[PDB]
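Given next are the chains, with one letter for each unit.
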Protein chains: 2
Amino acid sequence: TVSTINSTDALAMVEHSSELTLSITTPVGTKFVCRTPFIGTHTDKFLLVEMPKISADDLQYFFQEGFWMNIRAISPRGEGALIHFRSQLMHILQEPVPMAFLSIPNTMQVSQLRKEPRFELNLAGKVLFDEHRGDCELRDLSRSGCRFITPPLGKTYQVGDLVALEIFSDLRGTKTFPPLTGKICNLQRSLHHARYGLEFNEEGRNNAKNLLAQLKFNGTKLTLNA
Amino acid sequence: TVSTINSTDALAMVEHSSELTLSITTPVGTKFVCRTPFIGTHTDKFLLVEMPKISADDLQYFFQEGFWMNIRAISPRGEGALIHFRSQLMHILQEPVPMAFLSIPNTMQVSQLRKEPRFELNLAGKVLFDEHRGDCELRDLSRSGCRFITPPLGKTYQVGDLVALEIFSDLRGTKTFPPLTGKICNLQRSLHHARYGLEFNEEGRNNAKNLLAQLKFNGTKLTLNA
């Protein structure tokens, strides 16, 4: 799962100048999110960062000494990794150059990212198999495969079947993205669900890459950009 | 050969917290050398470093704002690389924490290191071949092979000969390091020189690794530690 290690080792995984994401919560409970480059660290005393490129007002309201924040750093190690930790804004300097000094916790949590990230969704569409079309809902998607559900009492598919998912790309479902083609690699029938796992073929992988690109992230998940 | 590239790209090759070597020349011409960790950089404005761990007096005499220095940074990229550039000490801070701000030049010179570094030397010894010993001088050495010279009028060796170099390990040449064994891979005879290139076998490589370890670096080259 996730690993908790010493901050010195966790930060060694991060490249200087890389971007940090700051989720700030002010003393009165208001929230703000910004990003700023990671300078480096001083011994084990401070985490140095550049002043966020935000309006003077936002700096005034959300970037004051003493304020706490949850920071998320990135690491290129392996297929990537995310480093999460909580830090307090200790000092701000304007001379010789504007920069902030954050606190360093004893440990940080490191999350290894997957080679092929999976996205959770719920996009209606059609399943095309042997010239017949049925309804389906895309529930999980990665550049290599996906998971979809269909009406438990509609047409049934068997493992090994070459199907094509025609996902609606519009608000009212009439237009569809290029088809996600592949073979059913697994399935599960229950009283209320017909669950299927699809493994894309070359064509399917390209259209999947294209579909992920047309989608918009709402802060929680990918959805139709409309 | 050596490459000259933009400092932003050159510094991206260096890992934060890694050690920097500072060769300082004061305004009155005196010289000093110290090492200190690399913090990171602020945008393209400054190179941040930790205060060198030297005596107060040395800091007073060699680490003042305005002083120029030649810096050498290391990079793990490839078999390694050395980044050389000149920098001026722009600002020193004591609060929130002691740290120095150095200038960043437009470009830096990057030198790729070899997988198997070669050392220049001149260590007398004996060449053992077919039970006979002759004089020689070790002139070049790496973990995998070496170059040595012998009296142009002494015994001659041919390419492919399995010889053993018994390098004297003491001040007056009577004791020798474990033998550097291998095959002559090339040679060159001149009026004043008999030059040979040796390729170590397994045994030779181990003794070579051991010999490099017993040697002392005088600041210019490796020599007998005595």
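Residues numbered from 1 in each chain as written, not as in the entry; some residues may be left out. Chains lettered and ligands numbered in written order. Heavy atoms only, no water.

### Let's talk about the sheet that holds strand β14 (residues 194-200) of chain B
All names here are of chain B. The following threshold applies: One bridge is not enough; two strands pair if DSSP finds at least two bridges between them. Strands are runs of DSSP state E lasting at least 2 residues, helices are runs of H or I lasting at least 4, and numbering of each runs from the N terminus. The angle between two axes is taken between their N-to-C directions and runs from 0 to 180 degrees, where each axis is a line fitted to C-alpha atoms and a helix contributes only its stretch in contact.
One closed barrel holds the six strands; their spatial order is β9-β10-β11-β14-β13-β12, and the pairing between them is antiparallel. Averaged over all pairs of adjacent strands, the angle between strand axes in this sheet comes to 45 degrees, irrespective of strand direction. By the bridge criterion, seven bridges tie strand β13 (residues 180-189) to β14 in an arrangement that is antiparallel. Along β14, the bridge assignment pairs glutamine 188 with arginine 195.

### As for the packing of aromatic side chains
Just so we agree on the cut-off: Ring geometry is summarised as follows: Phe, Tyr and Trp rings, the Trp one being its six-membered ring, pair when their centres sit within 6.5 Å, and such pairs are stacked at plane angles under 30 degrees, edge-to-face over 60 and tilted between the two. Residue exposure (1.4 Å probe, protein chains only): buried if accessible area is under 20% of the type maximum, exposed if over 50%, otherwise partly exposed.
Summed over all chains, the structure comprises twelve aromatic pairs over all chains. Ring centres 5.8 Å apart and planes at 85 degrees place the aromatic pair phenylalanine 129 of chain A and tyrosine 157 of chain A in the edge-to-face group. Taken together, the positions of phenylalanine 129 of chain A in strand β9 (residues 119-129) and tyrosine 157 of chain A in the loop between β11 (145-150) and β12 (162-167) put the pair 28 residues apart, joining distant regions of the chain. No difference in accessibility class separates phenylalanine 129 of chain A from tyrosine 157 of chain A, as the two residues are buried. Between the aromatic rings of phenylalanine 148 of chain B and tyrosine 196 of chain B, the centroid separation amounts to 5.3 Å while the plane-to-plane angle is 20 degrees, which identifies the pairing as stacked. With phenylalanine 148 of chain B in strand β11 (residues 145-150) and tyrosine 196 of chain B in strand β14, this pair connects stretches of sequence that are 48 residues apart.

### Side note on the pattern of salt bridges
All names here are of chain B. Worth spelling out the cut-off: Here, a salt bridge means any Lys or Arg side-chain nitrogen found within 4 Å of an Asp or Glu carboxyl oxygen.
One pass over the full model with this rule turns up 14 salt bridges over all chains. For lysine 126, the salt bridge identified is with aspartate 135, shortest N-O distance 2.7 Å. Classification of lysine 126 by relative accessible area gives partly exposed; the value is 26%. Taking the relative accessible area as the measure of exposure, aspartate 135 reaches 44% and is therefore partly exposed. The salt bridge involving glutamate 137 is made with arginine 139; its shortest N-O contact spans 2.9 Å.

### Describing the interface of chain A and chain B
Think of interface size as the accessible area that goes away when the parts come together; that is how it is often given. Quick reminder of the rule: Any two residues whose heavy atoms approach within 4.5 Å at even a single point are treated as in contact. What gets called buried area is simply the loss in accessible area from a 1.4 Å probe that two parts show on being joined, summed for both. Any pair of N or O atoms that falls within 3.5 Å is considered a polar contact. Within protein, one atom must be able to donate a hydrogen and the other to accept it, and sequence-neighbouring residues count only if both atoms are side-chain atoms. Polar here means any residue outside two lists: the nonpolar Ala, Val, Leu, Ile, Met, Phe, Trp, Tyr, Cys and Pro, and the charged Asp, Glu, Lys and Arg; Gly therefore counts as polar.
Taken together, the contact pairs 23 residues of chain A with 23 residues of chain B. Counting the surface chain A buries against chain B, the share from its top three residues, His16, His42 and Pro96 of chain A, is 35%. Seen at the junction of chain A and chain B, the total is zero salt bridges. Counting the contacts that link chain A with chain B gives eight residue pairs in polar contact. Of all the elements in the fold, those that place two or more residues in the side of chain A that touches chain B are α1 (7-12), β3 (31-42), β4 (46-50), β6 (81-93) and β7 (99-102) of chain A. Here the element with the most residues in the side of chain A that touches chain B is β3 of chain A; it accounts for five residues. When grouped by side-chain class, the residues that make up the side of chain A that touches chain B number 13 nonpolar, seven polar and three charged.

### Some points on the relation of the copies chain A and chain B
Stated formally: Copies are aligned to one another through a least-squares fit of their C-alpha atoms.
Mapping chain A onto chain B is achieved by rotating through 180 degrees and translating by 0.0 Å along the same axis, at an RMSD of 0.0 Å. Taken together, the rotation and translation describe the operation of a two-fold axis. The rotation axis passes nearest to the C-alpha of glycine 40 of chain A in chain A, at a distance of 2.4 Å.

### A closer look at the nonpolar core
For the record, the criterion: Side-chain atoms within 4.5 Å link the members of a nonpolar core, which is a set of buried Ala, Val, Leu, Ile, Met, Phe, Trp, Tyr and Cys residues.
Of all hydrophobic cores here, the largest spans 28 residues; its most connected members are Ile24 and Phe63 of chain A. If you list the elements that add at least two residues to this core, you get α1, β2 (19-25), β3, β4, β5 (68-75), β6, β7 and β8 (107-112) of chain A. Here this core takes five residues from β6 of chain A, the largest share from any one element. In this structure, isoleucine 24 of chain A is in contact with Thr30, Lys31, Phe32, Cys34, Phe62, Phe63, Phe67, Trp68 and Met69 of chain A, ignoring residues within four places of it in sequence. One finds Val14, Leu22, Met69 and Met108 of chain B within the second-largest nonpolar core, a separate group that totals 27 residues.

### Some remarks on the environment of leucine 121 of chain B
All names here are of chain B. Position of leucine 121 among the secondary structure elements: in strand β9 (residues 119-129). Note on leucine 121: relative accessible area 3%, which makes it buried. C-alpha of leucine 121 to C-alpha of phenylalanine 148: the two residues are 27 residues apart in sequence and 9.7 Å apart in space. Contact partners of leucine 121, with chain neighbours within four places excluded, come to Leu138, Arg139, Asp140, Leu141, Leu215 and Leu222.

### Some details on the pairing of strand β2 (residues 19-25) of chain B
On any regular strand, side chains alternate: one points to one face of the sheet, the next to the other face. Residues and elements named next belong to chain B. With seven bridges connecting them, β2 and strand β3 (residues 31-42) associate as antiparallel partners. In the sheet register, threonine 25 faces β3, and the bridge partner there is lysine 31. Between β2 and β3, which pair antiparallel in sequence order, lie five residues; one of them, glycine 29, sits at a positive phi of approximately 90 degrees. Here β2 runs beside strand β5 (residues 68-75); their pairing, made up of five bridges, is antiparallel. Its bridge partner being in β5, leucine 22 is matched across the sheet by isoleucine 71.

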